[PDB]
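Given next are two forms of a protein chain, the same chain in both, each as structure tokens and marked structure 1 or structure 2.
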Structure 1
């Protein structure tokens, strides 16, 4: 099982675990984030992951075709998943653009963020050592805000288009385009290095963080719950959708990946192994992130909740501070950002390939026989690059935050998971699904999967959605910038672009099918083959 290991190990460490989980945990007060995180994990995450893999293997086709075999009425789930992937690919690559910019900035004798004597730095800067010797600002934070981002006062001020970051996105997109068109992927002896290097780097960062003088307070903030105050809907949605985002579920890529295997594989063992390990690596890297934050709190003399930004830049603020505290910081900075680029590039390759397949399968005659696939791939990459340019401007950070919060996370993932589990448990039939699983892997799902799909996942998703609507709180960048109403409307438009697919497809297929309305629904609910 050792190479299976290396394959699916490349599989479960991604920008999600390293980057998204730490800042989401930090944003929700730390310890309080973990309780809904594990509740959603064991309630829905693993069962929905297993369910999606089972669909992918059962149909032996793409994520859009399977619903035709299962439930023709709810075929809109595949379109929702493919549009979720399409929106995710646009903004997920900006992280690699920032990583590329940091890596290019790392080719210096002294790291630019280790001290503040440069041009872009504000007069209020004080060295972290000297800050406790307040209106002062840490050099790393203002480097992230002013040199890389050049952050605008708000989303209403796009500002100039940062040319260096635009070229970084262009370089990353060229790498992706060449890899997808030429089929370049980690298949030779390089797979072992690609699978082991991220874990080695994370272990080094964890060791450095835990040995910091202020690590203990960071761990206390990371693990101590705050159920008395922090039980807002926001933490529940954030943890539940972080579970669904770390796994490639509700995106429709897991069905395609599962279709690559066969019934002889040890399904429901690989699923639990990969899911538990994927959550475990996130939980482990949380210790490193929060220990670095605790060291920052000890050094700067301020609370842990105030040391760094409550946003996507937590990874780009904490880790550079960690590599600053190691011998020869340039070497560790270069290694860390090479690791980050590889870790994000592999996932981006997988997502773009899945999108390309799920779109060419809708018209193979035109997109695979009437025209070369290279042209279609170039079209997809170019359109995504022009769309991603919107997050490169000086105010691009706000757009990226909105995209992360709405386009490929939040209520849309709960919507997709609820409709998946509802359809399979109730419309298609839990007994039928268990019988199919018996036919494929040899044993029934058991009470845990079945009761999860029937009750627990629908209850959790509906409860989170209703609790969010009842106790609604608007999105805010960091914890001080309030988005305008039009930006919130745009975010909800991004979410609804995925949510509305199911009702639209239901109504369209109802209209396009002949017969009485009762007969229309009854026939469109019948499985195929």
Structure 2
């Protein structure tokens, strides 16, 4: 029934499509991004999404515990997934904090990013219309930098705590608490609006973008590939782990959703249609963003790669500009940020719900019902609030960029995808798993799925992983700022926190199990109830 379809659609369609994909594509020069993007999509993305859903549906266990019924030895995959979601939920909601701040700033006769008579603006401001007539800055960019973000000169300078963004984070976390606690904002007929309006606004933005003068230059930037860049491991990791991010895999959240589905339900077609929806909205909203970028390039007289931030703020530069080019800008500003809030908040609801269902399944003795499950959820939300609050400082953009790069992205996703596919294909067995799928959905996976799990996904993950280490380049925030070495170490700390769960859980399970080593391994390789 459509509870599953709606849960998945609202979960893994979200800010990954509207906000992350455009900025990673822009960061990597546009067209070159799509080749590895589609290679990963059809090699690993859809098959691993189906794999996660099928694990969940087969075991009827949530995220961590399903591996006890498939391969206990590699139970560390579940803990790695859950900690990945723990960090994602910490940093992902800061985007909703920014969206809330923008929305409250929309309630004006004139939008604050339309011109720079305002106080925060540098003396070097030039209103974008007149620039074509020094290091001038656009009001749309420096609203983002100096009012919303109040950007510190570096991560080494935390600066003050933004007392307004703190309450924006508090508001969105309260919304998450009351939605997950009471179960509100799901399964109702109101979902007819909640699931449809965001795509309507995306269509409005796309129609605006494609009609702006200079859109064609942006689309050429978007679709023409410079094969030279591909030589750099950066585009490959960015695209492949953007696939893994956008599909919410390696989180165990999709596995958690699958655990609620009936054992004999045929999910394959639904999974393929949902994947089409996800990758399609990403690719299509690419045309919305890059048309606006081409328009800005034509208006200001600078190359497309120079017009905006090569980073997280790309959406908060581009769409704010677009809504300024429409009748009654305040109306469309409010609608844009309500669309962004709804689209991200359901993906936040799904991710937090998956985290909680995965965690309560470990100890159902406690955490049973509203008498204590509500308190556990409240504790999780409070902790995630205090951690996300670090990104609300003036230096918070650098911390957010470090989180977005390392904590739930990059090699840590490749690691989990590799081990999931490797376990199922070679430790458990493709022959066993295809028979299980035949028992559940009624027909075997077929060769695309079987070989994607057996060879293609492991090969792609290992290739990108090793390629990024042979041709290493460090992180930079906006192509100028270089992180200090301790910040790079912190990013690797975040990534390794997720990755090391597999080795350490393996050793923890080899210990405390009885008997010689051989029987220990054989016992841990054997499923359990």
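For clarity, a rigid core is taken as the largest C-alpha set superposing within 1.5 Å between two forms. Residue numbers count along the first chain shown, from 1.
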- Which is the one residue in 448, 366, 107, 331 whose C-alpha moves 2 Å or more between structure 1 and structure 2, relative to the superposed rigid core? 366
- Message: Relative to the superposed rigid core, does residue 160 relocate between structure 1 and structure 2 - that is, does its Cα move 2 Å or more?
- Response: no
- Message: Using the rigid core as the reference frame, would you say residue 265 shifts its C-alpha by 2 Å or more between structure 1 and structure 2?
- Response: yes
- Message: Is the shift of residue 16 between structure 1 and structure 2 large enough to count as movement, that is, does its C-alpha move by 2 Å or more after the core is superposed?
- Response: no
- Shift in angstrom of the residue 230 C-alpha between structure 1 and structure 2, rigid core held fixed, comes out at 4.1
- Item | Per-residue Cα shift, residue 278, between structure 1 and structure 2 [Å; core superposed] | 0.6
